[PDB]
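A.B. asks:
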Amino acid sequence: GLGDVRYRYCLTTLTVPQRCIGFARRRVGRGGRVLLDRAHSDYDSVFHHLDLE
Amino acid sequence: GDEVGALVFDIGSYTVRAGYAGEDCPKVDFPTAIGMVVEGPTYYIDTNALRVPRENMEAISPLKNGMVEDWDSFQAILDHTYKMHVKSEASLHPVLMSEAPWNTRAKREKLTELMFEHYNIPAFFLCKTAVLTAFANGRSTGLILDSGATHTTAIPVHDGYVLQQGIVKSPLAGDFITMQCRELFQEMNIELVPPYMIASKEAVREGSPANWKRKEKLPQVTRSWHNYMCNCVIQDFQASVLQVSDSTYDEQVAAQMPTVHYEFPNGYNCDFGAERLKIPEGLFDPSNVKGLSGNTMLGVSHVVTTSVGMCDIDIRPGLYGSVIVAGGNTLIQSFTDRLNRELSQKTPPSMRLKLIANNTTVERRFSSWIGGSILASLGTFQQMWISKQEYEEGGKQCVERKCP
Amino acid sequence: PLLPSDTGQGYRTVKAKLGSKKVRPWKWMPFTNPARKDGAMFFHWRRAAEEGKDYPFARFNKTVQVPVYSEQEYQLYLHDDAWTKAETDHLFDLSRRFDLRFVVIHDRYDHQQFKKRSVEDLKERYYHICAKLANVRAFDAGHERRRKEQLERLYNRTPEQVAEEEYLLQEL
Amino acid sequence: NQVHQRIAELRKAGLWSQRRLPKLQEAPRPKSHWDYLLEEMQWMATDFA
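Protein chains in written order, with the UniProt record's numbering: chain S, 432 to 484; chain W, 8 to 46, 65 to 429; chain P, 70 to 207, 218 to 251; chain V, 779 to 827.
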């Protein structure tokens, strides 16, 4: 509800070291290198619930 | 390589900064002041010349209220920079510098002329320091607060453009803190035994008389130079003691802190109490300053109120979205926490308030240099360069045509 | 709250694929920017072969657009009544340079030398001038002024009074 | 009683002297580099942080 156009983050896991990554979004960087930026939010310390408790 | 080997320079109220473009931190820094031994003449710059004792130094600050004072000193300091640190021919390298909110067009033209003709710089640019810092925070419309060593000023910005009206040249700064330390020494009566005149600092306890040895080889210095190195000592002491009460000050509340065992160059080391918190509370309101009924200054919350009110209504929410810190004296502890408390109190909840989260020394001071490097890095900015060919064509008068 | 970066190495497992693939060279070549009319010669770390390509990044030359008058518009079509030709010219110049940020224009418009005029005064004057030019060559100052004075009144509304106003509103 | 008193107060105020801010009207505007400059600035600055 805060309305930040660019601060739209989402959950996901990784391919090889699969696990709850936390609210994260991809972003381009210098030298045309994409980088994953993992956020830090109200549930930062509890990023493992699963099944939508 | 959409970045050329450009160099960004940052000079603040307290010290002088600079470094390559796009880098994390300015490469170097050194004291804003320079020690003068009248006889070209003997210039003392950087610690090895300035703080290390010599004979007859008259240290001079070529700055004043963010103004150019000793053009020869600026040229000499630039040459000192180049040789002693960079060792390069910037004539081969574009450069740029920040500017004050109020730098005279005459002096800006003077420096532009000097740069292009003498320093043979290939390109130049200028912009206000607060704008650089606001860039550093990735912000377009906000309020900048800087407790540089000289002033404690507030200047809002909008769309990357300063509000000319918002300038506040408050006096209070690390100079004021040095005055507070001096009145503290007076009320508790400790002299200033500078380190340089102490061969050995012999063992001594709290309250113990200053026990020390002098090195006979010490040619006498001037009161200017000696007093200023003593001021450096005082600022070190402040840092060792920096703190502010987070609420309405109380003498005994502040005294409740365990008196910190701070040592002095002589080797003496007493313990300091509530004074370090009695002092700063005046920064948040000069009226309450016991003994000194400072009223001309605006208390921290008073500064906030003044700056907010003097703006217009529509953007004030935008400015409240950002609040920024800067300056050598911004080292103070309890700085931002008590700042925000005083806000929440005096600042109405009517408008949403939001600050800028940055407290490391690196950010807290060199955010401006960071913003400058940030701008230099951008690939689009290159159209905004200032080619030396254009300056050759139109004199230094091209600044007015190209810089409003 | 950090950010992993792309990794290509991982492990010493890539002996081959390089001897067949030359590293295309890079050179600190000069260049010129079209966006700089004087065409200042600067440098790029281009990959050698990418030499002479037009400056790819200077295609953003989009700017503000403001009209102009010479001798009659200021007296025939855009015939002024309150401003000087100098005042109209200065307004339009500040607009062109500032790209229509009317608050910026006003705060950087000479109120003393030119006629002292609020930001909305300049806004309405420009509205008249530009609309006259458009229609002859083919925007609500009053209501907005009323709304803005209302806004500032409400803003100045003393915080306790605002508190009881909101308490009523929620109490509904 | 609450309805009557609230009505009296909020009318004698909000008839013309309370909140009730219709809106600022809109008008068109072209655009220039500055959007691109500020976009690049934000993006790269977050990158650096």
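All C-beta atoms, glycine included, are put in the ideal place defined by N, C-alpha and C.
Grouping DSSP H, G and I as helix and E and B as strand, with all else coil, what is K790 (chain V)?
C.D. replies: Three-state result, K790 (chain V): helix.
A.B. asks: Show which residues of chain P have a CB atom less than 7 Å away from the CB atom of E415 (chain W).
C.D. replies: By Cβ distance, chain P contributes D107.
A.B. asks: Going by alpha carbons, who is nearest to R225 (chain P) out of V:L799, V:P808, V:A827?
C.D. replies: Ranking the options by Cα distance to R225 (chain P), first place goes to V:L799.
A.B. asks: Given that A127 (chain P) touches chain W, what residues does it touch there, using C-beta distances under 7 Å?
C.D. replies: What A127 (chain P) touches in chain W: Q408.
A.B. asks: So which residues of chain S does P70 (chain P) contact, with C-beta pairs closer than 8 Å?
C.D. replies: What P70 (chain P) touches in chain S: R469, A470, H471, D475.
A.B. asks: Quick check on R439 (chain S): buried or exposed, where buried means 16 or more other Cβ atoms within 10 Å of its Cβ?
C.D. replies: Under this definition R439 (chain S) is an exposed residue.
A.B. asks: Report yes or no: is there a C-beta of chain W within less than 8 Å of the C-beta of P94 (chain P)?
C.D. replies: It does not: the Cβ of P94 (chain P) has no partner Cβ on chain W nearer than 8 Å.
A.B. asks: Using beta carbons (cut-off 8 Å, strictly below), is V465 (chain S) in contact with chain P?
C.D. replies: Chain P, which has a Cβ nearer than 8 Å to the Cβ of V465 (chain S), makes this yes.
A.B. asks: For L793 (chain V), go through chain W and note every residue whose CB falls closer than 9 Å to its CB, in chain order.
C.D. replies: Simply none; closest approach about 22 Å.
A.B. asks: Near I198 (chain P), what residues of its chain come up, given a Cβ to Cβ distance below 6 Å and the 5 sequence neighbours on each side ignored?
C.D. replies: Here the set comprises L147.
A.B. asks: What does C295 (chain W) pair with, by DSSP beta-bridge criteria?
C.D. replies: DSSP output for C295 (chain W) lists W:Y287 as bridge partner(s).
A.B. asks: So the candidates are W:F360, W:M335, W:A198, W:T331; which of them puts its Cα closest to the Cα of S272 (chain W)?
C.D. replies: Residue W:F360 is the option with its Cα nearest to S272 (chain W).
A.B. asks: Look at the Cβ atom of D473 (chain S), then the Cβ atom of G453 (chain S), and state whether they are nearer than 8 Å.
C.D. replies: No; because the gap between Cβ atoms is not below 8 Å, this pair is not in contact.
A.B. asks: For the beta strand (DSSP E) containing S123 (chain W), name the first residue and the last one.
C.D. replies: Where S123 (chain W) is concerned, the enclosing beta strand (DSSP E) stretches over 120-124.
A.B. asks: Using CA atoms only, rank isn't needed, just tell me which of P:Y234, P:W114, P:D219 is closest to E804 (chain V).
C.D. replies: Selected option, being the one with the closest Cα: P:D219.
A.B. asks: Distance check for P73 (chain P) and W95 (chain P), CA to CA, integer angstroms please.
C.D. replies: Approximately 27 Å, taken between the alpha carbons.
A.B. asks: Taking the continuous alpha helix (DSSP H) assigned at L168 (chain W), which residues delimit it?
C.D. replies: Not the alpha helix (DSSP H): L168 (chain W) falls in the beta strand (DSSP E), residues 168-171.
A.B. asks: Could you name the residues of chain S that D825 (chain V) contacts, counting a contact when the two beta carbons are closer than 9 Å?
C.D. replies: Those within 9 Å of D825 (chain V) in chain S are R458, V459, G460, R461, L466.
A.B. asks: Tell me whether residue 63 (chain W) sits in a helix, a strand or coil according to DSSP, three-state version.
C.D. replies: Residue numbering in chain W jumps from 46 to 65; residue 63 (chain W), which lies between, is not modelled.
A.B. asks: What separation, rounded to the nearest whole angstrom, lies between the Cα atoms of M819 (chain V) and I399 (chain W)?
C.D. replies: Whole-angstrom Cα-Cα distance: 7 Å.
A.B. asks: Along the chain, where does the beta strand (DSSP E) containing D468 (chain S) start, and where does it finish?
C.D. replies: Here the beta strand (DSSP E) through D468 (chain S) covers 464-469.
A.B. asks: If you draw a straight line from the C-alpha of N291 (chain W) to the C-alpha of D97 (chain W), how long is it?
C.D. replies: Each residue's alpha carbon lies about 37 Å from the other.
A.B. asks: If you run the structure through DSSP and keep just helix, strand and coil, what is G79 (chain P)?
C.D. replies: The answer is coil: DSSP assigns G79 (chain P) none of H, G, I, E or B.
A.B. asks: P234 (chain W): buried (16+ other C-beta within 10 angstroms of its C-beta) or exposed?
C.D. replies: Under this definition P234 (chain W) is an exposed residue.
A.B. asks: Just the chain W side, please: which residues come within less than 7 Å of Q820 (chain V) by C-beta, in chain order?
C.D. replies: Neighbours of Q820 (chain V) on chain W, chain order: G163.
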